[PDB]
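The next block holds one structure in the form of structure tokens; read it before the comments.
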Amino acid sequence: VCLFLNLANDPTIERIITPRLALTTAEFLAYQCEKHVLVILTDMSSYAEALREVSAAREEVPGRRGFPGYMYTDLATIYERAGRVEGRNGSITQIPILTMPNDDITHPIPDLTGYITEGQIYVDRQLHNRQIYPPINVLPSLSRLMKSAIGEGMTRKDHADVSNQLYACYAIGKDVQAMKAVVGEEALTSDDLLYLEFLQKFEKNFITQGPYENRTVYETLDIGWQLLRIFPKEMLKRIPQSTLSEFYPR
Amino acid sequence: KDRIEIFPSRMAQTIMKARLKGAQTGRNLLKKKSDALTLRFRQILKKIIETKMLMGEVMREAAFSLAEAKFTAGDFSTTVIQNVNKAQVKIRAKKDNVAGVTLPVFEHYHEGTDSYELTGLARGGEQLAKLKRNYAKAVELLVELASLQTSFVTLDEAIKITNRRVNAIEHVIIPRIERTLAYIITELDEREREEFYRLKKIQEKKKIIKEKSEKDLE
Amino acid sequence: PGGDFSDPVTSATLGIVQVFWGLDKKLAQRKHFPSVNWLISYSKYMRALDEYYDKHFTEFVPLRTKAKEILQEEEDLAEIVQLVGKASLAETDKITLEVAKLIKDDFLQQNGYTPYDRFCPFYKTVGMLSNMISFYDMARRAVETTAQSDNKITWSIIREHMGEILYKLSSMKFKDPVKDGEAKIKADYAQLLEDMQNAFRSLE
Amino acid sequence: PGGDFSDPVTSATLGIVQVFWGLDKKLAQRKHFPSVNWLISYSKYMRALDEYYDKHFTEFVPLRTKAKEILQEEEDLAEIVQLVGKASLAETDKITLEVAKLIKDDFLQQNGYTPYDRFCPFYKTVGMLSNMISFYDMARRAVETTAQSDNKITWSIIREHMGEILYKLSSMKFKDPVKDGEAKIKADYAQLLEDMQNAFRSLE
Amino acid sequence: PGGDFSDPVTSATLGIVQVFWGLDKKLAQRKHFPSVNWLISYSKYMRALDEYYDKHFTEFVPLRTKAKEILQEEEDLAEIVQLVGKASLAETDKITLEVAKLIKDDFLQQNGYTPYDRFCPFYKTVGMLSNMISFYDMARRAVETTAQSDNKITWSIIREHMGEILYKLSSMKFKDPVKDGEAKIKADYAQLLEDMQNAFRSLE
Amino acid sequence: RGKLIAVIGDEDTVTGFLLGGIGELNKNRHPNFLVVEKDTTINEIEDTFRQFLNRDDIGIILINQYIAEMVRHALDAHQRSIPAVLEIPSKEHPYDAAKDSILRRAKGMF
């Protein structure tokens with residue numbers, strides 16, 4: 001790792017330069033030196049607030065919500081310094097982190113970022129208060145290019161089907177938790193109780209990780225299958241029967 | 001009337017979004033309540049049709065057993081109608097909390113003592129014992145049918161109330177919040193334009209003062 | 001201007017500060033003091049402070065996590081009661097609301113002007129929370145131990161048998177840190193733990 | 001612009017003027033003219049005018065007060081009716097709702113393009129309002145007296161038994177100030193007062 | 001933005017463009033490709049294309065009209081289907097729903113990765129829809145012509161007498177212009193029309 | 001405390017349920033049933049029905065299907081959820097579901 005630190009009390013113009021150094025180093029490491037590179041831009045909100053100051057420094061009139069009109073091009077000038085290029089093994093991936101003002105995606109910082117970037121992960125206060133660390137809410141989250149990332153010879157061949165079935169079972173588990181809240185346990189079916197057992201175990205084994213336990217994709221899928229095995233084989237409606245026959249048994 | 005009359009501010013946008021999540025949550029919870037009660041109401045209607053078919057059969061058998069009793073006992077009916085004391089069978093009311101609502105039902109209770117114990121000793125008492133048991137089975141099925149009726153009418157009321165709460169959220173409360181939110185977002189974009197215009201004029205005045213200050217040095 | 005945390009001074013402050021004690025109009029209006037919203041506030045120093053806590057106060061981290069969990073499950077249960085009333089609530093959900101009321105009204109709540117509550121030392125603080133959450137665990141066990149059994153130990157059976165212990169639990173806040181030193185407070189709270197365990201033992 | 005009273009010309013005007021006749025587009029759409037919204041509107045000169053009304057119409061300040069009470073109770077009941085429909089109301093509430101609709105349709109509305117409503121002299125104004133509020137008081141007393149017993153009067157029983165009175169009350173606008181002299185209008189309105197009194201005495 | 005069409009670029013574009021192909025996530029999640037919503041989509045060019053259609057495909061204007069009607073009846077009947085169950089609807093509604101399903105799943109859906117749905121010529125598009133709507137007109141005639149009689153037709157009676165016709169209608173999508181000449185596809189559609197007419201002749 | 005069933009019907013229907021154990025005199029000596037003769041007037045059945053549905057002791061009323069149709073107006077006007085009314089068949093009379101006041105209230109039934 002190469003680490004760039006810009007502090008809250010460091011100059012606002014050095015905060016604009018920090019992403020550009022990071023991406024210049026990531027471009028060098030990947031495109032001059034073949035490295036696969038992951039860039040972690042840890043607070044795009046304070047970058048956007050720095051752009052607001054640099055625009056005020058030129059006496060420019062403020063645009064949308066007090067940010068510069070050209071904020072989309074400046075965010076794009078950071079985010080599109082990424083991807084693979086023809087005839088080189090190097091590649092810059094970016095995982096920005098972005099503190100949503102007022103917890104609202106409509107704000108220009110998250111809003112313009114959603115337009116430029118290929119999907120988003122949400123950290124959620126609900127999971128955080130429940131002590132689920134990491135607090136990553138897998139329901140609103142979407143990695144747009146996950147269809148490319150997952151396949152035979154890149155992971156286990158079952159992976160895409162596992163993620164789809166886990167999504168359905170966690171979503172239905174949440175829907176059944178809303179049903180439980182209205183009807184109480186004695187009114188639920190056996191299947192509803194399985195989606196509740198799934199939801200409890202899924203948050204407490206799949207999502208909950210701790211700050212230092214490392215899970216490779218293989219172990220995440222075995223955890224996934226350990227949660228999917230809660231249901232009878234025929235209930236796993238988004239997995240092909242061939243995949244079930246190869247991996248449902250534990 | 002059309003809006004909640006909250007004055008437009010970035011605070012008011014936040015409060016309307018909080019209330020919209022509240023109203024959409026309340027809609028979904030009351031929709032789950034409606035679905036759960038509707039499932040029970042359809043099940044209870046199915047049970048009413050089945051229980052009325054069973055009631056048809058036990059009542060045909062019991063009514064046929066009256067003809068048998070009139071065979072071997074003669075006119076026992078006048079004796080039975082005229083001599084009445086205490087009920088051997090009584091009902092107690094009970095509450096069921098199923099589907100997150102209170103549904104009333106009845107339980108079949110029996111006091112042992114036969115109010116017609118000696119009827120038919122002269123003739124017909126064997127056939128009257130068969131008749132007594134058949135009408136007891138009819139009464140058991142009717143206490144269940146009453147419990148289905150009291151449940152059914154209580155669910156009819158509770159579904160109508162719950163669907164009114166859901167539609168009131170969907171067609172009054174949520175539309176007031178959505179129109180109010182669209183208004184607040186609109187007036188906030190208007191305030192943003194006023195500040196853009198005011199600041200463009202300030203910058204123009206500064207540009208003119210810069211130029212004049214340079215011209216005065218020539 | 002209206003208590004709104006989206007205001008630019010708050011937004012700039014929130015990007016900088018490691019601790020934020022979000023006081024809430026609804027709590028202040030109902031005269032809940034000290035009016036801190038326990039679902040909006042945060043402290044990024046927990047990571048570091050857990051070294052001190054694990055050296056001097058090993059029970060406290062488990063209690064801190066269980067406290068915030070109980071308080072968040074209170075919001076879930078409190079929201080649904082507006083529509084469903086009590087009818088859906090499991091006996092564990094009742095025990096969650098009862099202990100959440102104890103933790104909200106008799107631990108989080110504190111009178112800033114009355115000598116019993118003007119300041120609360122940490123030994124009193126951890127001991128109060130230790131008792132309230134030890135009650136939650138033992139009560140939750142007492143319910144769940146009877147799942148599918150011939151007889152259920154209900155929230156009401158608990159609440160009736162534990163009535164003295166519930167009054168003792170709420171009373172923990174009254175110990176004077178000046179006249180009742182930490183040794184005396186810890187000793188009294190150790191008697192509450194023993195009384196609590198023995199009161200639950202009558203149902204197990 | 002856009003029919004929004006928050007507009008700065010309106011805002012600055014209402015900081016100065018002592019009478020506000022706010023016209024509501026939703027009433028104008030329904031062709032309820034004059035479209036003055038009676039909840040929104042105010043007059044600050046009423047105290048200064050009560051000293052005049054007492055010299056000519058001692059009954060007027062009672063009637064004006066009762067008119068606002070009827071409309072306020074109806075607007076407050078409407079917040080329930082919009083969410084539950086016309087079903088759950090008490091008989092007094094249905095009387096309030098229907099007399100407020102009578103007052104809306106036949107007192108507050110005025111068809112300024114017709115011989116009968118081109119202008120409305122003040123005597124016709126107090127007369128019409130007096131008859132409608134007399135109906136309200138008598139209808140209210142009839143239910144509130146009899147609801148204590150088996151022989152309960154209902155709002156429907158009043159509507160059905162007194163349908164000609166409701167039609168007569170609604171007809172009162174059509175009196176022509178040029179052709180129907182002031183004495184004749186007062187006499188016709190006194191016949192309505194006696195017709196009501198006789199019909200309520202037949203319900204009692 | 002978030003599916004809100006009121007943004008000025010989207011609102012102006014849908015105000016300017018004479019055609020809109022309303023792709024919908026709810027269709028794509030079920031793999032209903034091309035995933036175009038047949039209620040939200042529109043085309044203003046029909047009046048101009050009718051010249052070409054009257055020359056080259058004179059039957060098509062009746063067919064597209066009836067298709068939209070059948071699809072609109074499915075959306076309007078679906079509320080009754082949820083409210084009282086499909087089994088409680090009339091026979092004319094039941095056959096309407098089945099043809100709407102046949103159109104939705106075997107005409108409007110098109111799997112462009114397959115050899116057969118790779119491309120669909122306009123002749124094949126007319127011939128598929130012509131057969132589906134011909135079956136609808138005969139089914140509708142049979143149920144409506146026998147309504148209130150002693151002897152009566154319903155969807156189950158049709159399906160029992162001619163289930164092979166519903167299968168043959170679904171098979172039409174698999175017929176491939178690369179394998180089968182246009183004359184052969186036209187002859188097969190003429191055969192399905194004769195087959196369904198002779199099948200209905202057993203009932204009427 | 002409990003409640004009792006009550007009966008409005010012909011001699012045979014009443015006799016059957018009395019032998020089923022249904023019959024009790026109230027403290028005022030009034031029974032919990034009415035026998036209906038062919039010459040019984042609508043007011044006798046209807047006033048009895050109006051009494052039975054409003055009494056404190058009666059929880060269920062059984063009505064012979066033919067009588068239930070002769071009193072159909074007051075019967076279908078009875079909207080209270082607890083004091084249940086059962087339309088029942090009899091030996092020379094229509095079947096159990098004929099014009100039934102509860103079956104007609106369902107939208108889901110065909």
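As shown in the structure tokens, the chain order sets the letters A, B, ...; within each chain, residues go from 1, and ligands are also counted from 1 in the order they appear.
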**Message:** Neighbouring residues of segment 153-167 of chain A were defined as those with any atom within 8 Å, considering only C-alpha atoms; residues of the same chain fewer than 5 positions away were excluded. Please report them as a list in words.
**Reply:**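 Those residues are residues 138, 139, 147, 217, 218, 221, 224, 225, 228, 236, 237, 238, 239, 240 and 243 of chain A.
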Take the residues from that selection and put them in a file with C-alpha atoms, as a compact mmCIF listing (two decimals), in the first residue's frame.
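result33.txt written:
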```txt
# COMPACT_ATOMS: atom_id res chain seq x y z
CA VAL A 138 -26.86 -5.72 1.24
CA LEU A 139 -30.49 -4.83 0.19
CA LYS A 147 -22.06 -10.10 -13.45
CA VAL A 217 -14.58 -15.56 -1.46
CA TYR A 218 -14.48 -19.38 -1.00
CA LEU A 221 -19.57 -18.89 -0.22
CA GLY A 224 -23.51 -18.51 2.22
CA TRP A 225 -24.26 -22.20 1.70
CA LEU A 228 -28.94 -21.46 2.41
CA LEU A 236 -33.87 -22.28 -3.25
CA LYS A 237 -35.84 -20.98 -6.28
CA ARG A 238 -33.06 -18.75 -7.84
CA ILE A 239 -30.42 -21.56 -7.99
CA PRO A 240 -30.29 -24.19 -10.83
CA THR A 243 -25.74 -26.26 -8.74
```
**Message:** Which residues are close to segment 66-83 of chain E, i.e. within 10 Å by only C-alpha atoms, leaving aside same-chain residues fewer than 4 positions away? Reply as an MDAnalysis selection string.
**Reply:** (chainID B and resid 38) or (chainID E and resid 38:39 60:62 87:89 93:94 96:101 103:104 129:130 132:133 136:137) or (chainID F and resid 107:108)
Take the selection from the previous step and output its residues with N, CA, C and O atoms, as a short mmCIF file (atom, residue, chain, number, x, y, z; two decimals), in the first residue's frame.
```cif
data_model
loop_
_atom_site.label_atom_id
_atom_site.label_comp_id
_atom_site.auth_asym_id
_atom_site.auth_seq_id
_atom_site.Cartn_x
_atom_site.Cartn_y
_atom_site.Cartn_z
N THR B 38 -57.45 -10.98 5.93
CA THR B 38 -58.13 -11.44 4.71
C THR B 38 -57.91 -12.93 4.50
O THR B 38 -58.86 -13.64 4.18
N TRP E 38 -46.25 -2.42 -21.82
CA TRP E 38 -47.33 -2.23 -22.80
C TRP E 38 -48.49 -1.36 -22.32
O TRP E 38 -49.50 -1.25 -23.02
N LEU E 39 -48.38 -0.73 -21.15
CA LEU E 39 -49.34 0.26 -20.65
C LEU E 39 -48.72 1.67 -20.69
O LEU E 39 -49.36 2.63 -21.12
N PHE E 60 -53.78 -5.47 -40.15
CA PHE E 60 -53.02 -5.18 -38.95
C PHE E 60 -53.68 -4.15 -38.02
O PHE E 60 -53.64 -4.30 -36.80
N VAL E 61 -54.33 -3.12 -38.56
CA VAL E 61 -54.95 -2.06 -37.75
C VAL E 61 -56.05 -2.60 -36.81
O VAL E 61 -56.00 -2.32 -35.60
N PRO E 62 -56.99 -3.43 -37.27
CA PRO E 62 -57.89 -4.17 -36.39
C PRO E 62 -57.15 -4.97 -35.31
O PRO E 62 -57.50 -4.89 -34.13
N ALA E 87 -61.23 -17.55 -10.08
CA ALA E 87 -62.36 -18.48 -10.18
C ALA E 87 -63.74 -17.81 -10.09
O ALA E 87 -64.70 -18.33 -10.64
N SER E 88 -63.84 -16.63 -9.46
CA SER E 88 -65.10 -15.90 -9.28
C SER E 88 -65.48 -14.97 -10.44
O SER E 88 -66.57 -14.40 -10.44
N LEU E 89 -64.59 -14.78 -11.43
CA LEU E 89 -64.85 -13.93 -12.60
C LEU E 89 -65.80 -14.61 -13.61
O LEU E 89 -65.98 -15.83 -13.61
N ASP E 93 -64.43 -12.90 -19.09
CA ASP E 93 -63.23 -12.37 -18.43
C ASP E 93 -62.13 -13.43 -18.38
O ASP E 93 -60.98 -13.14 -18.70
N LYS E 94 -62.47 -14.69 -18.06
CA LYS E 94 -61.50 -15.78 -17.96
C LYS E 94 -60.79 -16.05 -19.28
O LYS E 94 -59.56 -16.10 -19.32
N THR E 96 -60.51 -13.87 -21.67
CA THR E 96 -59.75 -12.64 -21.91
C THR E 96 -58.40 -12.68 -21.20
O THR E 96 -57.38 -12.43 -21.83
N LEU E 97 -58.37 -13.07 -19.93
CA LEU E 97 -57.13 -13.23 -19.18
C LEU E 97 -56.21 -14.27 -19.82
O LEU E 97 -55.03 -14.00 -20.00
N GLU E 98 -56.73 -15.43 -20.24
CA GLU E 98 -55.87 -16.44 -20.87
C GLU E 98 -55.22 -15.93 -22.16
O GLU E 98 -54.02 -16.13 -22.37
N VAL E 99 -55.97 -15.24 -23.02
CA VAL E 99 -55.38 -14.67 -24.22
C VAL E 99 -54.39 -13.56 -23.88
O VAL E 99 -53.33 -13.46 -24.50
N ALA E 100 -54.67 -12.73 -22.87
CA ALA E 100 -53.70 -11.75 -22.42
C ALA E 100 -52.41 -12.43 -21.95
O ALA E 100 -51.32 -12.00 -22.34
N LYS E 101 -52.48 -13.54 -21.20
CA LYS E 101 -51.31 -14.34 -20.84
C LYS E 101 -50.60 -14.89 -22.07
O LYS E 101 -49.38 -14.78 -22.15
N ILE E 103 -50.61 -13.68 -25.20
CA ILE E 103 -49.95 -12.53 -25.81
C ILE E 103 -48.71 -12.12 -25.01
O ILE E 103 -47.62 -12.00 -25.56
N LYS E 104 -48.83 -11.96 -23.69
CA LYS E 104 -47.72 -11.51 -22.82
C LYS E 104 -46.52 -12.45 -22.89
O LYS E 104 -45.40 -11.99 -23.09
N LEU E 129 -49.97 -12.50 -34.13
CA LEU E 129 -51.03 -11.73 -33.48
C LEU E 129 -52.41 -12.00 -34.08
O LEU E 129 -53.40 -12.07 -33.35
N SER E 130 -52.48 -12.23 -35.38
CA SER E 130 -53.69 -12.62 -36.11
C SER E 130 -54.27 -13.93 -35.58
O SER E 130 -55.45 -13.99 -35.23
N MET E 132 -53.57 -15.32 -32.53
CA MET E 132 -53.96 -15.12 -31.14
C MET E 132 -55.31 -14.39 -31.02
O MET E 132 -56.17 -14.79 -30.25
N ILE E 133 -55.51 -13.34 -31.81
CA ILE E 133 -56.76 -12.57 -31.77
C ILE E 133 -57.91 -13.33 -32.44
O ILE E 133 -59.05 -13.26 -31.97
N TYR E 136 -59.08 -15.56 -29.73
CA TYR E 136 -59.87 -14.72 -28.82
C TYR E 136 -61.27 -14.42 -29.35
O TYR E 136 -62.24 -14.63 -28.63
N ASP E 137 -61.42 -14.01 -30.62
CA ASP E 137 -62.72 -13.71 -31.20
C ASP E 137 -63.64 -14.95 -31.24
O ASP E 137 -64.82 -14.84 -30.91
N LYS F 107 -67.68 -11.29 -0.54
CA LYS F 107 -67.33 -10.97 -1.95
C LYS F 107 -66.62 -12.13 -2.65
O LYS F 107 -66.80 -12.32 -3.85
N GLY F 108 -65.80 -12.89 -1.92
CA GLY F 108 -64.99 -13.99 -2.46
C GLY F 108 -65.81 -15.18 -2.97
O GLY F 108 -65.40 -15.85 -3.91
#
```
**Request:** Taking all C-alpha atoms matched one to one in order, superimpose chain C on chain D and note the resulting RMSD in Å.
**Result:** 0.8 Å
**Prompt:** segment 11-14 of chain D: which residues within 12 Å, counting only C-alpha atoms, same-chain residues fewer than 6 positions away excluded, as a list in words?
**Reply:**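 So the residues in contact are residues 4, 5, 20, 21, 22, 40, 41, 42, 43 and 44 of chain D.
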File of the preceding selection, C-alpha atoms, as a PDB file, in the first residue's frame:
```pdb
ATOM      1  CA  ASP D   4     -49.793  30.969  -2.713  1.00  0.00           C
ATOM      2  CA  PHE D   5     -50.384  33.437   0.165  1.00  0.00           C
ATOM      3  CA  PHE D  20     -58.103  39.553   5.100  1.00  0.00           C
ATOM      4  CA  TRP D  21     -60.591  38.032   2.631  1.00  0.00           C
ATOM      5  CA  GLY D  22     -58.435  35.143   1.376  1.00  0.00           C
ATOM      6  CA  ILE D  40     -58.150  31.499   6.521  1.00  0.00           C
ATOM      7  CA  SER D  41     -59.927  34.905   6.555  1.00  0.00           C
ATOM      8  CA  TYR D  42     -60.029  37.360   9.478  1.00  0.00           C
ATOM      9  CA  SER D  43     -61.402  40.757  10.453  1.00  0.00           C
ATOM     10  CA  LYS D  44     -59.625  42.724  13.213  1.00  0.00           C
TER      11      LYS D  44
END
```
**Message:** Applying 9 Å and only C-alpha atoms, which residues near residue 162 of chain C remain after dropping the ones on its own chain fewer than 6 positions away? List them as a ChimeraX atom specification.
**Reply:** /C:196,199-200
**Request:** Please determine the contact residues of chain A with respect to chain E at a cut-off of 12 Å, counting only C-alpha atoms, and supply them as JSON, numbers by chain.
**Result:** {"A": [105, 106, 111, 112, 114, 115, 164, 238]}
**Request:** Fewer than 5 positions away in the same chain doesn't count, so skip those; otherwise give me all residues within 10 Å of residue 141 of chain E, counting only C-alpha atoms, as an MDAnalysis selection string.
**Result:** chainID E and resid 92 135:136 146:147 153 200 204
**Request:** Find the residues around segment 80-89 of chain F up to 6 Å (only C-alpha atoms counted), leave out those fewer than 6 positions away in its own chain, and share them as a PyMOL selection string.
**Result:** (chain B and resi 146+150+153-154) or (chain F and resi 59-65+95-96)
**Request:** Please measure the separation of atom CA of residue 51 of chain B and atom CA of residue 145 of chain B, giving the value in Å to one decimal.
**Result:**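 About the pair atom CA of residue 51 of chain B and atom CA of residue 145 of chain B: they are 6.4 Å apart.
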**Request:** Output as a PyMOL selection string all residues of segment 18-183 of chain A that backbone DSSP marks as helix (DSSP H, G or I).
**Result:** chain A and resi 18-32+44-57+64-66+71-79+101-103+108-116+125-129+146-149+159-183
**Request:** Return the single residue from B:87, B:148, B:18, B:30 that is closest to chain F, with distances computed using only C-alpha atoms.
**Result:**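 Smallest separation from chain F among the options: B:87.
The gap separating atom CA of residue 3 of chain C from atom CA of residue 26 of chain C is 10.6 Å, in Å to one decimal.
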Looking only at strand (DSSP E or B) from DSSP on the backbone, list the matching residues of segment 29-95 of chain F as a compact mmCIF listing (two decimals) with N, CA, C and O atoms, in the first residue's frame.
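Result file is result.txt:
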```txt
# COMPACT_ATOMS: atom_id res chain seq x y z
N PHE F 33 -86.99 -19.96 24.08
CA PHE F 33 -87.43 -20.39 22.75
C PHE F 33 -88.87 -20.03 22.42
O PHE F 33 -89.68 -19.79 23.32
N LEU F 34 -89.21 -20.03 21.13
CA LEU F 34 -90.56 -19.94 20.61
C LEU F 34 -90.85 -21.08 19.64
O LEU F 34 -90.19 -21.22 18.61
N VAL F 35 -91.89 -21.83 19.95
CA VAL F 35 -92.54 -22.74 19.00
C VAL F 35 -93.41 -21.95 18.03
O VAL F 35 -94.24 -21.16 18.45
N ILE F 58 -78.93 -14.69 26.25
CA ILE F 58 -78.85 -15.38 24.96
C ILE F 58 -77.60 -14.98 24.17
O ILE F 58 -77.41 -13.81 23.84
N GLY F 59 -76.77 -15.96 23.80
CA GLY F 59 -75.57 -15.74 22.99
C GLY F 59 -75.70 -16.21 21.54
O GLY F 59 -75.02 -15.68 20.67
N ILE F 60 -76.57 -17.18 21.26
CA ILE F 60 -76.82 -17.73 19.92
C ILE F 60 -78.33 -17.88 19.72
O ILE F 60 -79.02 -18.35 20.61
N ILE F 61 -78.85 -17.53 18.55
CA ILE F 61 -80.24 -17.78 18.18
C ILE F 61 -80.29 -18.72 16.98
O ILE F 61 -79.72 -18.42 15.94
N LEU F 62 -80.99 -19.85 17.10
CA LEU F 62 -81.25 -20.76 15.99
C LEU F 62 -82.60 -20.42 15.38
O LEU F 62 -83.60 -20.37 16.11
N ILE F 63 -82.67 -20.21 14.07
CA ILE F 63 -83.92 -19.94 13.37
C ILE F 63 -84.12 -20.96 12.25
O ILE F 63 -83.26 -21.11 11.38
N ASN F 64 -85.26 -21.64 12.24
CA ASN F 64 -85.65 -22.49 11.12
C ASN F 64 -85.62 -21.67 9.81
O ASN F 64 -86.21 -20.59 9.75
N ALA F 84 -74.94 -14.26 17.77
CA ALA F 84 -74.97 -14.90 16.46
C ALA F 84 -76.35 -15.48 16.12
O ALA F 84 -77.06 -15.95 17.00
N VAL F 85 -76.70 -15.48 14.84
CA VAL F 85 -77.97 -16.00 14.32
C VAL F 85 -77.70 -17.09 13.29
O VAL F 85 -77.07 -16.84 12.27
N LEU F 86 -78.15 -18.32 13.53
CA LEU F 86 -77.90 -19.44 12.62
C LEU F 86 -79.19 -19.82 11.90
O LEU F 86 -80.17 -20.21 12.53
N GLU F 87 -79.17 -19.73 10.58
CA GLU F 87 -80.24 -20.23 9.72
C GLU F 87 -80.06 -21.74 9.54
O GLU F 87 -79.03 -22.17 9.03
N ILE F 88 -81.03 -22.55 9.98
CA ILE F 88 -80.90 -24.02 10.03
C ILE F 88 -82.00 -24.72 9.22
O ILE F 88 -83.14 -24.26 9.22
```
**Request:** Find the distance between atom CA of residue 106 of chain F and atom CA of residue 72 of chain F and write it in Å to one decimal.
**Result:**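 These atoms are spaced 17.7 Å apart.
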**Request:** Excluding residue 84 of chain A and residues on its chain fewer than 4 positions from it, collect all residues at most 9 Å away from it, counting only C-alpha atoms, and give them as a list in words.
**Result:**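 The neighbour list is residues 30, 31, 88, 89, 90, 91, 92 and 93 of chain A.
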**Asked** Which one is closest to residue 4 of chain F: B:149, B:88, B:134, B:213? Count only C-alpha atoms.
**Response**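 Under the stated criterion, the closest residue is B:88.
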